[PDB]
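Working notes for the structure below.
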Amino acid sequence: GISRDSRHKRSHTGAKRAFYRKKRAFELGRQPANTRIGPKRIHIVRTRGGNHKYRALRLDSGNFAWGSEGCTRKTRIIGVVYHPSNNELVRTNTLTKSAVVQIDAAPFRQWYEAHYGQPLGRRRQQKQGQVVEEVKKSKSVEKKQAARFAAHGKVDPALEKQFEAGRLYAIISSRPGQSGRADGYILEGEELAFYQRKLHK
Amino acid sequence: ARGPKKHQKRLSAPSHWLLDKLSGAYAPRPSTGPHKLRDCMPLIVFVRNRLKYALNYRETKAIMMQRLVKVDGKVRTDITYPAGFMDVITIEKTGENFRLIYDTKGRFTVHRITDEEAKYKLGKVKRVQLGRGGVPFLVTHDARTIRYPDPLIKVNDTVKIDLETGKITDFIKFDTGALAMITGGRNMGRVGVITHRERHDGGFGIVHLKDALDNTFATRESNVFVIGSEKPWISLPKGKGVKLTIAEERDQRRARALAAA
Amino acid sequence: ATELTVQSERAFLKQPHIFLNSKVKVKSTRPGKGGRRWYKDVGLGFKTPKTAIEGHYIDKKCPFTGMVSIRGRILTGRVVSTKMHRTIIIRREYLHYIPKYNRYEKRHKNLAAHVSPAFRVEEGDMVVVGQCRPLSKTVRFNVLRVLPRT
RNA sequence: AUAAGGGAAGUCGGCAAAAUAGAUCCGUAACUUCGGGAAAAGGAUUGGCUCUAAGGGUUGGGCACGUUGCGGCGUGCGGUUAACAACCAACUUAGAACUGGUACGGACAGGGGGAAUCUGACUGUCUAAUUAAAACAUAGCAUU
RNA sequence: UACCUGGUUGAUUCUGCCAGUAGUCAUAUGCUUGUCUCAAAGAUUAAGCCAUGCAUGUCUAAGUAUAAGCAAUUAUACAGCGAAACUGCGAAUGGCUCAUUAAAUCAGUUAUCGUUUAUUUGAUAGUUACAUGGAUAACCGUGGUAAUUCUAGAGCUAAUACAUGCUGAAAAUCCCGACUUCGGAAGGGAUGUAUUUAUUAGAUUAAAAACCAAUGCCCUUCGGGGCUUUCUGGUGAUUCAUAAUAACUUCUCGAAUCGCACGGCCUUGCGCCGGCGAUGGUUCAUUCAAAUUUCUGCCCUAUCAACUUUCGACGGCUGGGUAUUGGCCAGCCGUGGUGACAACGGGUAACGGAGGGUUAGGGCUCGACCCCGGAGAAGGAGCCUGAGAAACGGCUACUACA
RNA sequence: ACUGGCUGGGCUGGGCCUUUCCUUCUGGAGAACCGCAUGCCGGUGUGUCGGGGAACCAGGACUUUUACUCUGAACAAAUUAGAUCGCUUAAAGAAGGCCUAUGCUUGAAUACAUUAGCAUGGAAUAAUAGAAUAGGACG
Ligand SMILES: [Mg+2]
Ligand SMILES: [Mg+2]
Ligand SMILES: [Mg+2]
Ligand SMILES: [Mg+2]
Ligand SMILES: [Mg+2]
Ligand SMILES: [Mg+2]
Ligand SMILES: [Mg+2]
Ligand SMILES: [Mg+2]
Ligand SMILES: [Mg+2]
Ligand SMILES: [Mg+2]
Ligand SMILES: [Mg+2]
Ligand SMILES: [Mg+2]
Ligand SMILES: [Mg+2]
Ligand SMILES: [Mg+2]
Ligand SMILES: [Mg+2]
Ligand SMILES: [Mg+2]
Ligand SMILES: [Mg+2]
Ligand SMILES: [Mg+2]
Ligand SMILES: [Mg+2]
Ligand SMILES: [Mg+2]
Ligand SMILES: [Mg+2]
Ligand SMILES: [Mg+2]
Ligand SMILES: [Mg+2]
Ligand SMILES: [Mg+2]
Ligand SMILES: [Mg+2]
Ligand SMILES: [Mg+2]
Ligand SMILES: [Mg+2]
Ligand SMILES: [Mg+2]
Ligand SMILES: [Mg+2]
Ligand SMILES: [Mg+2]
Ligand SMILES: [Mg+2]
Ligand SMILES: [Mg+2]
Ligand SMILES: [Mg+2]
Ligand SMILES: [Mg+2]
Ligand SMILES: [Mg+2]
Ligand SMILES: [Mg+2]
Ligand SMILES: [Mg+2]
Ligand SMILES: [Mg+2]
Ligand SMILES: [Mg+2]
Ligand SMILES: [Mg+2]
Ligand SMILES: [Mg+2]
Ligand SMILES: [Mg+2]
Ligand SMILES: [Mg+2]
Ligand SMILES: [Mg+2]
Ligand SMILES: [Mg+2]
Ligand SMILES: [Mg+2]
Ligand SMILES: [Mg+2]
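So the protein sequences, as listed, match chains A, B and C. Counting in UniProt numbering, the first sequence tops out at residue 202, every number present. Counting in UniProt numbering, the second sequence tops out at residue 262, every number present. Counting in UniProt numbering, the third sequence tops out at residue 151, every number present.
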């Protein structure tokens with residue numbers, strides 16, 4: 002089948018090499034698996050030495066970790082928006098490592114409300130459709146929460162705007178074809194400015 | 002070549018086994034175990050070729066099936082079991098104990114030891130580090146791993162092994178003034194005192210030794226095996242590894258022969 | 002070396018596992034711990050150049066601030082080509098001995114090595130290189146020191 | 001204008017008809033006056049639709065005084081935006097996916113080719129109304 | 001044993017080749033042939049074609065026994081020896097051959113901080129239970145086809161085959177907090193290991209202060225004198241070893257297995273406890289290794305002087321794939337790499353080396369062949385099982401034979 | 001063959017002074033030369049005595065760079081050279097030997113390769129580098 006040896010190549014002087022031996026059991030290759038966004042579907046493959054790998058054909062959710070805060074929550078992926086290597090990867094909504102995606106921001110906002118007693122990204126006050134208040138069953142919690150809010154600090158405006166829409170930018174940092182999982186982190190800071198300028202221009 | 006080998010050709014076996022080039026085409030092919038294949042002492046070679054207790058291959062395994070012979074206090078039942086340096090071989094029915102140690106010519110020799118000395122060993126340490134759960138451990142030259150060692154013990158040292166409970170009881174640092182025995186190279190079997198050591202960054206440091214007769218020699222660090230500071234802990238064989246020249250051997254040979262007869 | 006910009010590519014260039022967006026600010030002397038530039042020492046009496054520690058370039062093949070370890074032979078030669086990007090060609094000369102005629106003859110070989118942006122290399126200079134893992138089809142050595150010009 | 005199977009067996013003779021044909025990318029011999037032969041010979045691709053990338057123009061640039069109905073000049077200087085920002089404008093080229101009764105220079109337009117012999121070097125000219133040729137002319141060469 | 005003689009001329013001294021002389025683990029052939037010790041042998045021309053037979057199987061006290069099996073007669077669950085069949089392991093080692101191959105194989109010397117590893121050896125894993133559920137072979141019985149180590153449908157029964165499954169402990173660490181006197185707290189959840197991602201620690205190795213913010217405290221005459229301080233391994237070199245936190249997974253492992261001995265406690269219940277082996281099992285170490293990899297070294301030829309990038313040729317970057325590195329492959333961007341110190345191409349009656357033959361010294365020539373490395377099973381390609389094969393005494397297809 | 005001697009003459013090597021001699025810091029253990037008192041017949045154990053560190057070991061920094069030669073390390077068995085032992089001799093083989101033993105004892109050495117790579121001593125011969133627009137050395 003597919004081979005990844007260097008015998009068929011051409012030497013650095015330009016000379017053409019001669020036939021040496023038939024293809025070997027090692028040095029083989031395998032058909033690439035193009036992950037897509039959809040209902041979960043994974044195949045098992047028996048690799049060298051009796052181990053196993055996990056082919057991911059369709060995925061829709063995975064772990065994503067918030068850097069500054071330090072929380073990791075499972076959420077779903079909406080779509081692929083940028084890819085530094087090839088544009089056709091973006092159009093197909095096929096996801097690999099170092100692919101910029103958009104994820105649901107619901108689980109991360111909820112944790113912020115419980116940890117800090119302040120609201121994050123709420124411009125629905127004009128509509129006030131879903132305004133609701135729950136009685137706080139203590140008063141030391143404000144002492145605990147106000148200490149956290151005054152100490153750690155506040156979110157920068159760039160990340161706050163995304164929370165209003167409910168969509169967040171992330172980068173896949175796993176290899177779905179190998180491990181069968183799509184994992185990443187929320188990108189922020191100067192790295193956010195690089196992609197936002199490149200994304201719409 | 003499509004897998005691992007399982008045959009050993011005679012004329013390709015290690016030289017220090019002293020095997021005749023005739024009478025067969027193959028060699029014992031020592032099985033995998035604690036000692037390297039190049040420098041090991043298969044049990045069949047020891048029992049049949051040196052002690053001459055067993056006449057041939059067929060009767061060599063007859064002895065082993067009766068669990069008569071054991072090494073390091075545990076019975077072994079395969080004829081091609083790789084024994085090596087410092088190993089203790091005990092045969093209770095005949096009533097003697099053996100220790101495998103090099104002579105001055107770089108080969109294994111028979112060496113009687115007393116029963117009181119046949120209940121401990123010593124081996125060079127290979128690595129020290131932290132294992133699973135943070136428990137420190139070390140591994141010796143014969144693939145013995147022991148947890149919770151003395152923090153003062155470092156690599157290249159030697160440790161005395163109980164051989165009944167497998168616990169370290171005292172150790173020797175690796176430094177100048179120690180008494181050492183060589184295990185590899187052309188100076189194999191010599192005994193000397195470490196004079197000084199020179200190290201080269203990038204590997205392959207060398208150490209300079211000195212014999213009892215003021216002779217001098219050098220070897221790589223991987224072939225030096227500390228066996229004591231003074232008055233070596235183990236009992237050395239006859240000749241004590243002094244490496245007489247060819248001139249003295251024939252002088253001593255005739256002097257001993259004519260004196261006796 | 003001369004590099005116009007550090008971020009001039011499709012992706013974002015950064016050292017792996019060096020976290021850069023922390024709410025609390027802590028000042029530490031350690032290179033990689035606090036969030037500032039990371040670098041190491043190769044050893045074998047090789048000193049880290051000043052340009053490496055205080056520079057802003059990003060390179061994953063440089064022996065300094067990189068993911069390559071140097072082990073094996075150390076060789077010397079003279080550079081003959083500097084017309085690629087972060088790669089040079091050195092020339093090594095020796096003498097082969099012909100036993101029958103009891104005298105020698107000249108021979109030479111050509112070698113390819115990776116040069117880091119820390120150094121500035123021109124044609125006709127002597128360099129010292131060290132072995133590393135395969136970085137390309139024909140690159141297995143890395144530049145370590147540039148000898149002074151006459 | 002079209003024809004099953006055969007494909008010049010017709011005839012003084014392939015006379016008449018058929019076949020080839022646009023553009024883009026590959027490939028190309030003997031011979032030679034080294035300019036040619038050459039479009040040699042011989043192969044592949046071509047619609048519709050939804051997208052991606054490249055090739056341009058114009059106007060804006062910091063202080064310190066003086067004139068003047070937020071500024072145009074007088075200047076005194078400094079700096080080279082690790083080239084940014086707004087607005088404006090036609091066409092030409094390359095690449096990818098999906099789609100069909102595998103069709104797409106869809107009509108029109110549009111070279112058959114190869115191996116040799118005889119003869120005039122070539123472009124050019126003539127028997128208006130039966131002969132356009134190997135005939136005439138030509139540069140070059142020689143004589144009076 | 002550092003050696004020479006015949007032949008051009010009427011005769012002479014030379015250059016010069018032809019011929020003679022000796023060896024060969026170097027093959028053939030002619031004539032002849034009594035004994036002892038040793039024993040090469042279808043390599044050369046055809047890696048041309050092959051009738052018949054053989055060359056790979058395997059059971060211990062210890063995985064499964066209702067043989068209309070044998071043998072005894074202590075075993076009313078089984079119990080001695082034990083065909084058949086299921087299950088486990090091996091069949092990838094040996095043995096044969098030299099077609100291809102000219103920096104390729106190979107030799108000596110390095111590297112793996114760039115990977116996989118059955119087996120052997122040494123350590124090591126507290127989260128209905130007095131025992132869970134359906135199938136199948138041998139066997140009985142009924143058949144098909146000229147034909148093969150072809151197989152059908154019907155009826156019984158096993159597992160170390162296949163598939164499920166049980167906090168027996170506390171402490172500590174980290175979140176939520178029922179409830180106030182505002183200074184800590186009822187009780188509630190998670191917390192082994194493997195898998196995947198993000199974050200934190202992993203110290204230095206000469207010393208004396210003086211300030212801002214404010215708290216475990218000791219002594220104490222209440223004016224306070226004040227404040228000594230606990231760990232941290234390794235390499236020439238790392239983001240190493242190892243540990244902690246937030247989460248994740250068609251998701252693992254942590255024993256429903258087997259044989260010998262016949263023992264000890266008292267609340268005497270067909271109760272509790274207890275020894276040595278076999279076979280398995282997660283991670284680290286070791287062993288037999290395997291795959292890649294650094295430096296230098298090969299015969300003749302210029303009537304072979306420029307070569308490499310159509311459709312990767314040299315390098316940069318982001319990924320894909322692989323046990324892992326890598327232009328090994330996919331996209332985007334630069335214009336390089338080798339050569340008179342002989343590249344590139346053609347010849348080889350060419351597998352490489354240890355080494356054989358012949359000798360003053362220096363050399364010339366041969367090496368298919370018992371040892372080591374590589375490749376192949378008529379010619380090409382593809383793949384299953386497995387720790388390990390691109391296997392041919394394994395399978396699928398085309399070509400050529402039969 | 002043993003032993004001593006020659007103001008024995010030679011050969012190989014190590015120390016000092018001649019303008020030259022030999023880098024440097026930290027630590028280890030500790031001598032020689034010194035005096036202190038305590039004891040025998042002008043020398044000596046004296047002791048957690050001190051002025052004191054010859055040499056040695058471990059660690060850090062500095063030193064123009066190659067070729068060449070010396071000594072080491074690492075590297076295969078068989079083969080070549082070669083030591084030992086009367087297979088009845090020999091080509092071979094790795095065996096055997098001793099009184100008599102219900103036992104004892106030994107051998108299976110050593111050299112060579114040789115190009116490349118890794119260390120060490122030497123500093124002749126052949127190349128190479130340094131202060132001249134001082135961009136030089138030292139405190
Ligand atoms: Mg090393
Ligand atoms: Mg017709
Ligand atoms: Mg027709
Ligand atoms: Mg036709
Ligand atoms: Mg006709
Ligand atoms: Mg006609
Ligand atoms: Mg016509
Ligand atoms: Mg027509
Ligand atoms: Mg032309
Ligand atoms: Mg043309
Ligand atoms: Mg054409
Ligand atoms: Mg033509
Ligand atoms: Mg098209
Ligand atoms: Mg056409
Ligand atoms: Mg047409
Ligand atoms: Mg004409
Ligand atoms: Mg007319
Ligand atoms: Mg006409
Ligand atoms: Mg001669
Ligand atoms: Mg003549
Ligand atoms: Mg004559
Ligand atoms: Mg002759
Ligand atoms: Mg006779
Ligand atoms: Mg043949
Ligand atoms: Mg039985
Ligand atoms: Mg087995
Ligand atoms: Mg098998
Ligand atoms: Mg084989
Ligand atoms: Mg044969
Ligand atoms: Mg085990
Ligand atoms: Mg099972
Ligand atoms: Mg780590
Ligand atoms: Mg890469
Ligand atoms: Mg050039
Ligand atoms: Mg040859
Ligand atoms: Mg051949
Ligand atoms: Mg050969
Ligand atoms: Mg042949
Ligand atoms: Mg032969
Ligand atoms: Mg054949
Ligand atoms: Mg297996
Ligand atoms: Mg094969
Ligand atoms: Mg095959
Ligand atoms: Mg066969
Ligand atoms: Mg076979
Ligand atoms: Mg002999
Ligand atoms: Mg030297």
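From the three backbone atoms N, C-alpha and C, an ideal C-beta is built for every residue, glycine too.
Practice item. Could you spell out the range, first to last residue, of the beta strand (DSSP E) harbouring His44(A)? Key: Here residue 44(A) corresponds to residue number 43 of the first sequence, with the count starting at 1. Per DSSP, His44(A) belongs to the beta strand (DSSP E) from 42-47.
Check your understanding: With contact counted as at least three CB pairs below 8 Å, one residue from each stretch, are the segment 84-91 of chain B and the segment 23-42 of chain B in contact?
Key -> yes
Check your understanding: Closest by CA to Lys54(A), which one among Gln111(A), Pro177(A), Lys145(A), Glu191(A)?
Key -> For the purposes of this step, residue 54(A) is taken as residue 53 along the first sequence, with counting starting at 1. Comparing Cα positions, the closest option is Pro177(A).
**Study point:** Among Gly178(B), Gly96(B), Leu12(B), the one whose alpha carbon lies nearest that of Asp212(B)
**Key:** As a first step, residue 212(B) is located in the second sequence; it is residue number 211 there, counting from the start. Considering only alpha carbons, the answer is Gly178(B).
Check your understanding: Does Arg11(C) have its Cβ less than 7 Å from a Cβ in chain A?
Key -> By one-based count along the third sequence, residue 11(C) stands at place 10. With 7 Å as the cut-off, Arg11(C) counts as an interface residue toward chain A.
Review point. For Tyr149(B), does the three-state DSSP call read helix, strand or coil?
Key: Start at 1 with the first residue of the second sequence, and residue 149(B) comes out as number 148. Coil, per DSSP.
Practice item. Give the residues from the segment 90-113 of chain C that approach chain A closer than 8 Å (Cβ to any Cβ), ordered along the chain. Key: none
**Study point:** C-alpha distance - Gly240(B) paired with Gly96(B), whole-angstrom precision
**Key:** Indexing the second sequence from 1 puts residue 240(B) at position 239. Indexing the second sequence from 1 puts residue 96(B) at position 95. Going from the Cα of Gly240(B) to the Cα of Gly96(B) covers about 25 Å.
Review point. Which term fits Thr97(A), buried or exposed, when burial requires 16 or more other beta carbons within 10 angstroms of its beta carbon?
Key: Walking along the first sequence from the start, residue 97(A) turns up at place 96. Burial call: buried.
Review point. What are the complete alpha helix (DSSP H) segments, minimum 4 residues, inside the segment 57-135 of chain A?
Key: 88-92, 107-116
Check your understanding: Does DSSP put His9(A) in a helix, in a strand, or in coil?
Key -> The residue labelled residue 9(A) in the question sits at position 8 within the first sequence. Coil, per DSSP.
**Study point:** Contact the segment 12-24 of chain A vs the segment 41-59 of chain A: 3+ CB pairs below 8 Å
**Key:** no
Exercise for review: Using beta-carbon positions only, say whether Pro233(B) and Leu180(B) come within less than 7 Å of one another.
Suggested key: Position 232 of the second sequence, counted from the start, is the residue given in the question as residue 233(B). Position 179 of the second sequence, counted from the start, is the residue given in the question as residue 180(B). Going by C-beta atoms, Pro233(B) is nearer than 7 Å to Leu180(B).
Check your understanding: What do you get for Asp158(B), buried or exposed, if any count of 16 or more other CB atoms within 10 angstroms of its CB means buried?
Key -> Sequence index remark: in the second sequence, residue 158(B) carries index 157 (1-based). Label assigned to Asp158(B): buried.
Check your understanding: Can you list, in chain order, the stretches of the beta strand (DSSP E) that have 3 or more residues and sit fully within the segment 45-107 of chain C?
Key -> Counting only runs of 3 or more, we get 75-82, 89-99.
Exercise for review: Spatial neighbours of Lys7(B) within its chain, please: CB distance less than 8 Å, with the 5 preceding and 5 following residues excluded, ordered by chain position.
Suggested key: What you label residue 7(B) is simply residue 6 of the second sequence in a count that begins at 1. Taken in chain order, the residues that qualify are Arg30.
**Study point:** Neighbour list for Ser23(C) in chain A, Cβ cutoff strictly below 9 Å
**Key:** Position 22 of the third sequence, counting from 1, holds the residue named residue 23(C). Neighbours of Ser23(C) on chain A, chain order: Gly68, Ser69.
**Study point:** Among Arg77(B), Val76(B), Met182(B), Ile169(B), nearest to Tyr121(B) - alpha-carbon criterion
**Key:** Taking the first residue of the second sequence as position 1, residue 121(B) is located at position 120. Ranking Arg77(B), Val76(B), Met182(B), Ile169(B) by Cα distance to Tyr121(B) puts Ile169(B) first.
Review point. Roughly how many angstroms separate the alpha carbons of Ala119(C) and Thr6(C), rounded to a whole number?
Key: Stepping through the third sequence from its first residue, residue 119(C) is reached at position 118. Stepping through the third sequence from its first residue, residue 6(C) is reached at position 5. Going by the C-alpha atoms only, they are around 15 Å apart.
Exercise for review: Under 7 Å Cβ to Cβ from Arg124(A), same chain only, skipping five residues before and after it: list those, please.
Suggested key: Stepping through the first sequence from its first residue, residue 124(A) is reached at position 123. Correct list, in chain order: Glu165.
**Study point:** Supposed contact pair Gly242(B) and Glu222(B) - C-beta distance, whole angstroms, cut 8 Å
**Key:** Position 221 of the second sequence, counted from the start, is the residue given in the question as residue 222(B). Position 241 of the second sequence, counted from the start, is the residue given in the question as residue 242(B). No, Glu222(B) and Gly242(B) are not in contact; Cβ-Cβ is about 19 Å, not under 8 Å.
Point to revise | Selected residue, minimal CA-CA separation from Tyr196(A), among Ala2(C), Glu10(C), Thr3(C), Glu4(C) | key: Against the first sequence, residue 196(A) aligns to sequence position 195. Minimum Cα distance to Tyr196(A) is reached at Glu10(C).
Check your understanding: Closer than 7 Å, CB to CB, is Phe150(A) near chain C or not?
Key -> Working through the first sequence from its first residue, we reach residue 150(A) at position 149. Taking Cβ atoms only, chain C never reaches closer than 7 Å to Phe150(A), which makes this a no.
**Study point:** Continuous beta strand (DSSP E) assignments of at least 3 residues falling wholly in the UniProt domain "RNA-binding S4" (42-106) of chain B
**Key:** Counting whole runs of 3 or more residues, the UniProt domain "RNA-binding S4" (42-106) of chain B contains the beta strand (DSSP E) stretches 70-72, 89-92, 97-100.
Review point. Short check: CB of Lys24(C) to CB of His153(A), under 7 Å?
Key: Working through the third sequence from its first residue, we reach residue 24(C) at position 23. Working through the first sequence from its first residue, we reach residue 153(A) at position 152. Yes.
Check your understanding: Taking the beta strand (DSSP E) that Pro135(C) falls in, what are its first and last residues?
Key -> As a working note, residue 135(C) is residue 134 in the third sequence. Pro135(C) -> no beta strand (DSSP E), and no H or E assigned at all.
Check your understanding: Using a Cβ-Cβ distance under 7 Å, would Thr139(C) count as near chain A?
Key -> Here residue 139(C) corresponds to residue number 138 of the third sequence, with the count starting at 1. Yes, contact with chain A.
Practice item. With DSSP collapsed to three states, give me the class of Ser180(A). Key: What you label residue 180(A) is simply residue 179 of the first sequence in a count that begins at 1. DSSP places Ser180(A) in helix when its eight states are reduced to three.
Review point. Unbroken alpha helix (DSSP H) runs of length 4 or more, entirely within the segment 149-211 of chain B: which are they?
Key: none
Point to revise | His18(C), DSSP secondary structure in three states | key: Working through the third sequence from its first residue, we reach residue 18(C) at position 17. Three-state DSSP puts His18(C) in coil, outside helix and strand.
Practice item. Residues of the segment 188-201 of chain A with a CB closer than 8 Å to any CB of chain C: list them in chain order, please. Key: Those residues of the segment 188-201 of chain A placed with their C-beta closer than 8 Å to a C-beta in chain C are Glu189, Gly190, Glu191, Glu192, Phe195, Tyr196, ordered along the chain.
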